[PDB]
Amino acid sequence: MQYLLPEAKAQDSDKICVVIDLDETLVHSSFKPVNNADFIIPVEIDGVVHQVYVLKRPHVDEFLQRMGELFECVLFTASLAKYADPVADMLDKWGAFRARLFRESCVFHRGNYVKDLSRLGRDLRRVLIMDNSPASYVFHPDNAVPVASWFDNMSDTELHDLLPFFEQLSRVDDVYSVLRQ
Ligand SMILES: [Mg+2]
């Protein structure tokens, strides 16, 4: 198989690669009309245009800006691009994402859309994955930075609370020394 990522940019060669999920991690989307939604976009399903209501997780702006500076960020979602792309276009105003990986880049392993990190093409001692669903990284439990699932708690601060930890991770030689393995 071809690696999921191209050669790392000169400036990103010595940086940790961070795989970030979308749904329930950075945002929460729904087909049922919600009030005060952040994005309300059209998504075509079976020939019918449906309106998707997307809510942004608190502090996601400050989050993406900072993460984009610290690491070689990669969007890796199990959803279809027809949905994740528009959302990503509106979320990433800083070009934090060096790449976007969707459903097809996952491996359907034992009923789950798994994100195989060795598939990235980056040194695993230099790879992290943030996904509210541990099932997404069954093969690399020690490269994960646990994140709570978000739905609508406007009082949520997880993204803000995790920056200090990511800050710390960006200065270590091997992420396993911290996440052990
Ligand atoms: Mg998710």
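For ligands, and for the atoms within them, numbers begin at 1 and follow the listed sequence. Only this structure's heavy atoms are used, side chains among them; waters, hydrogens and symmetry mates stay out. We count residues from 1, following the sequence as given.
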### Query
Do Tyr83 and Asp23 meet the criterion of a side-chain donor-acceptor pair at a distance under 3.5 Å?
yes

#### Entry: Donor + acceptor pair across side chains of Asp131, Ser133 (<3.5 Å)
no

#### Entry: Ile129 reachable from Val178 in the ILVMFWY side-chain graph, under 4.5 Å edges
yes

### Task
Identify the heavy atoms of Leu120 and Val19 that sit nearest to each other, and give their distance.
CD2-CG2, 3.5 Å

### Task
May I ask you to determine how many protein N/O/S atoms are under 2.8 Å from the Mg ion (ligand 1)?
3

### Message
The criterion is side chain to side chain contact (heavy atoms under 4.5 Å, CB included); which residues satisfy it with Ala78, sequence neighbours excluded?
### Response
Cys106, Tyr113

### Query
Where does the angle between the aromatic ring planes of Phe71 and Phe166 fall among parallel (under 30°), tilted (30 to 60°) and perpendicular (over 60°)?
perpendicular

